[PDB]
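>>> please work out how this folds:
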Amino acid sequence: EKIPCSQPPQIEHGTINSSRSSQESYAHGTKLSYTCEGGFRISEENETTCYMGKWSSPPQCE
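Residues are numbered from 1 along each chain as shown. Dropping the coordinates below:
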């Protein structure tokens, strides 16, 4: 029984780029991408995925 995930994690300076408030929870499998401020570089592959209602170690903005 896979569980849904809740609001994606947060990473200093940058945030998720889904469309802020659409839903509250997401389903298992979901793959959202990330975005940083206008002038920040993000580490390799700007994406986060969900596994059993938890997300994966999100990228960071440098």
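>>> where's residue 55 relative to residue 39, distance?
25 Å (CB to CB, to the nearest Å). To be clear about C-beta, it is placed using only N, CA and C from the backbone, and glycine gets the same treatment.
>>> of the two, who's got more company?
Comparing residue 55 with residue 39 by other CB atoms under 10 Å, the one with more neighbours is residue 55, at 18 against 7.
>>> and the residue nearest to residue 8 when sequence neighbours are not counted, how far from residue 34?
In space, and not counting its chain neighbours, residue 8 is closest to residue 16: 4.5 Å by CB to CB, 6 or more residues apart in numbering. Applying CB to CB, the value for residue 16 to residue 34 is 6 Å.
>>> picking that back up, the residue nearest to residue 8 contacts residue 30, doesn't it?
No. Counting by CB atoms under 8 Å, residue 16 stays clear of residue 30, with 11.0 Å between them.
>>> now the strands for this protein?
Taking DSSP state E, the strands of the chain run over residues 5-6, 15-16, 25-26, 31-35, 47-51, 54-55.
>>> neighbouring contacts of the first one?
Among residues not part of strand 5-6, those counted as contacts by CB atoms under 8 Å, 6 or more residues apart in numbering are 24, 25, 26, 27, 28, 30, 50, 53, 54, 55.
>>> which one among the residues you listed gets closest to residue 2?
residue 28 (3.6 Å; CB to CB).
>>> and the gap between the closest residue to that closest one other than its chain neighbours and residue 26?
Of all residues not flanking residue 28 in the chain, residue 2 sits nearest, at 3.6 Å (CB to CB, 6+ apart). From residue 2 across to residue 26, the span is 12 Å (CB to CB).
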